[PDB]
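Chemist: Following this: a sequence and the matching experimental structure.
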Amino acid sequence: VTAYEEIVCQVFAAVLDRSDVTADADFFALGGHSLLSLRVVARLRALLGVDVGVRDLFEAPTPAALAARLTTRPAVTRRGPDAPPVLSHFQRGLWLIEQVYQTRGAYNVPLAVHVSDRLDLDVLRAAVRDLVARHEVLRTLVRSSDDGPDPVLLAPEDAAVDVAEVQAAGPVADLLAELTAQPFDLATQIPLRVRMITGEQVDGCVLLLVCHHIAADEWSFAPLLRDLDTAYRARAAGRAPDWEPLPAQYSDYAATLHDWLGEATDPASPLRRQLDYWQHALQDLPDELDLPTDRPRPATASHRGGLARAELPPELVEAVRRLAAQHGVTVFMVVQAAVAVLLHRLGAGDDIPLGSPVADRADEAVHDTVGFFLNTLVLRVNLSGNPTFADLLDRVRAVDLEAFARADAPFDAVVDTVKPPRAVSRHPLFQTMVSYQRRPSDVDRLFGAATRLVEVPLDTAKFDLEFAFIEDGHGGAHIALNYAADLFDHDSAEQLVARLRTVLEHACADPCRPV
Ligand SMILES: *P(=O)(O)OCC(C)(C)[C@@H](O)C(=O)NCCC(=O)NCCS
């Protein structure tokens, strides 16, 4: 759970009166001392509701280390040569949504970088090979058996990488979306595909990485670009990249997680314990919410979608951060509360279940590596009683901290335990997702050129609605709404995401007004 790390950063920043607090900055090196350590502990106890002590801060003086400590489950260890691949339960759920609900390429994740230079295709191909050699998860196939899916780790010399140039014919943003949507056959193809887009209207090139989600979450963007940059620069100079072996492969992480999780039939295992919480917490859940769609739910889901964006003025982004600090919540919690208000005002009622991904990256061996570490949680917020926005923030905090203490039970096991009525055109337990994302910083000079990330207007959709508050890595932010085209017209989606901005604006202006 990254939320613990954000709060520790937030408390460090307020106590130290510093705005340059990063997850690996040492409290005392930043100007902390015993007197201020009392304030850090008191604030953390007040915001997290757990027993925090000076001993924790002394022994774990960085936000990443302290967040891992307050949570902690065994550390991830390398299993060594010829340890067999292990498919994680999170990977299992992704393979399974796609097999069962036939999501086409909706779970492909794009990473697009405009480059001022056209890159060398043969050098790029060599660098992708190095990248795949480094990260086993990028060359692990998934094959169907009659027990479930089996991983198949390809040796680096047997991994056939797919790197190609594509001439742009029309608007590049549409082409990026179409390339992103092409489905993978994970039984025969590695889950990474690379395209360099060139054309008359393109100055330089657009480098597009398409991963299947089974191999990467959005926190993988930073190591992916970092390692690809290193391999490209080395191969352009005629040599193999000079890197240090990974502290762990994804299979090392998966093996540790599964051994800690235990079995569902063991009443003392963390899995059964967290499953029992979720069975209680999701009792009498709505099958779906009463959303203002342009069309009723079809019998068959097409997974077509669009993407509507709402730009946020810098002033509003700071007001949202200020509101979060002032009420002792994360930016995600504010956005979550705002989405709940929006849906509530549109007639969805007082019981609002919102899905949200949660990253399992606290362990230092995987904190900054490539892979899919997201579990999905149902955050059930209640809006009965005419609460103010400040009231709702307290409610959302409590709901989220309870859920975060129980974030290892795989979502597919939660759905199985809760046993909702199933329908191929409705995602179970929730149909609106909310997340916070933050794009990599210092990715403006990759490959020896001038570079910048470009967002991709997805042609697909996973749910009815997916809201994302996305920070761009250099101060800016926008809200992205990935909506199901079966339910919403694009102009309705533009209105919805503008309304979410209005809720946020009203909330910062006066949090004491009633929802
Ligand atoms: P933190 O580790 O920054 O704490 C500093 C301290 C309070 C431990 C230290 O500055 C301090 O005052 N230690 C006590 C010194 C002492 O007991 N001498 C008194 C002679 S009776």
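Modeler: Nice, thanks for sending it over. Numbers count the residues shown, from 1 in each chain.
Chemist: which SSE is the residue nearest to residue 79 when sequence neighbours are not counted in?
Modeler: The shortest distance from residue 79 to any residue other than its chain neighbours is 5.5 Å, reached at residue 252 (Cβ to Cβ, 6 or more residues apart in numbering). No exception for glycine: its C-beta is placed from N, CA and C like everyone else's. Per DSSP states H and E, residue 252 falls inside helix 250-261.
Chemist: Output that helix as CSV - backbone C-alpha positions only.
Modeler: As requested, the backbone C-alpha atoms of helix 250-261 are provided in CSV (Å, rounded to 0.1, in the frame of the first residue of the first chain):
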residue,chain,number,x,y,z
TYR,A,250,9.0,-11.2,-10.0
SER,A,251,8.8,-15.0,-9.3
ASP,A,252,10.8,-14.3,-6.1
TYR,A,253,8.1,-11.9,-5.1
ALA,A,254,5.3,-14.2,-6.1
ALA,A,255,6.8,-17.1,-4.2
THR,A,256,7.2,-15.1,-1.0
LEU,A,257,3.7,-13.6,-1.3
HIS,A,258,2.0,-17.0,-1.8
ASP,A,259,4.0,-18.7,1.0
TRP,A,260,3.0,-15.9,3.4
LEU,A,261,-0.6,-15.9,2.2
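Chemist: Start the count at 629 instead of 1 going forward.
Modeler: Will do, 629 is the new start, and the previous item becomes helix 878-889.
Chemist: Show residues contacting that helix.
Modeler: The contact list for helix 878-889 (Cβ atoms under 8 Å, 6 or more residues apart in numbering) reads 701-707, 711-717, 719, 763-765, 768, 779, 781, 897-899, 988, 991, 993-994, 997-999, 1001, 1036.
Chemist: isn't residue 981 right next to residue 1058, touching?
Modeler: Yes. The criterion here is Cβ atoms under 8 Å, and residue 981 meets it with residue 1058 at 4.8 Å.
Chemist: Quickly list what's touching both of those two.
Modeler: residue 1006.
Chemist: out of these two, which sits in the more crowded spot?
Modeler: Neighbours were counted for residue 981 and for residue 1058 using other Cβ atoms under 10 Å; residue 1058 has more, 27 against 19.
Chemist: element containing the more buried one, please.
Modeler: Applying DSSP H and E, one finds residue 1058 in no helix or strand.
Chemist: can you map out the strands along the protein?
Modeler: For the chain, applying DSSP state E gives strands covering 736-743, 768-772, 777-781, 790-795, 820-826, 833-840, 933-939, 979-987, 1002-1010, 1060-1066, 1079-1082, 1093-1099, 1105-1112.
Chemist: Can you spell out which helices and strands pack onto the first one?
Modeler: Spelled out, that is strand 736-743. Using 3 or more Cβ pairs under 8 Å, 6 or more residues apart in numbering; DSSP states H and E, the elements in contact with strand 736-743 are helix 800-809, strand 833-840, helix 849-864, strand 1079-1082.
Chemist: what does the third one give?
Modeler: Identification of packing neighbours for strand 777-781 by 3+ Cβ pairs under 8 Å, 6+ apart yields helix 717-728, strand 768-772.
Chemist: Same check on the fourth one?
Modeler: Counting contacts by 3+ Cβ pairs under 8 Å, 6+ apart, strand 790-795 is packed against helix 749-762, strand 820-826.
Chemist: how about stretch 1128-1143: buried residues?
Modeler: 1128, 1129, 1131, 1132, 1133, 1135, 1136, 1139, 1143 (16 or more other Cβ atoms under 10 Å).
Chemist: And for stretch 1087-1106?
Modeler: 1087-1101, 1105-1106.
Chemist: Please apply the same query to stretch 869-883.
Modeler: 869, 874, 875, 876, 877, 878, 879, 880, 881, 882, 883.
Chemist: Go ahead and confirm the fifth one touches residue 704.
Modeler: Looking back up the chat, that one is residue 877. No. Assessed by Cβ under 8 Å, residue 877 is found out of contact with residue 704, at 9.6 Å.
Chemist: And for the closest residue to residue 894 other than its chain neighbours, the neighbour number?
Modeler: Leaving aside its sequence neighbours, residue 894 sits nearest to residue 900 (Cβ to Cβ, 6+ apart; 6.1 Å). Using other Cβ under 10 Å as the criterion, residue 900 is surrounded by 19 other residues.
Chemist: show me what contacts residue 636?
Modeler: For residue 636, the contacting residues are 672, 691, 694, 695, 698, by Cβ under 8 Å, 6+ apart.
Chemist: got those residues as a markdown table, with distance to residue 828 columns?
Modeler: As requested, the contacts of residue 636 are exported to a markdown table (distance: Cβ to Cβ, whole Å):
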| residue | distance to residue 828 |
| --- | --- |
| 672 | 56 |
| 691 | 47 |
| 694 | 53 |
| 695 | 49 |
| 698 | 55 |
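Chemist: Closest one of those to residue 649?
Modeler: Using Cβ to Cβ, residue 691 comes nearest to residue 649 of those, at 6.9 Å.
Chemist: ok, now how distant is that closest one from residue 779?
Modeler: Distance, residue 691 to residue 779, by Cβ to Cβ, to the nearest Å: 33 Å.
Chemist: Of those two, give the one with the bigger neighbour count.
Modeler: residue 691 (25 against 21).
Chemist: who touches the more buried one in this structure?
Modeler: Neighbours of residue 691 in contact, by Cβ under 8 Å, 6+ apart: 633, 636, 637, 640, 649, 650, 651, 652, 653.
Chemist: How about residue 741?
Modeler: 834, 835, 836, 853, 1071, 1074, 1079, 1080, 1081, 1082.
Chemist: check contacts around residue 731.
Modeler: Shown in contact with residue 731 (Cβ under 8 Å, 6+ apart): 725, 931, 1088, 1090.
Chemist: and the two most separated of these?
Modeler: Among the contacts of residue 731, 725 and 1088 lie farthest apart (Cβ to Cβ), at 12.6 Å.
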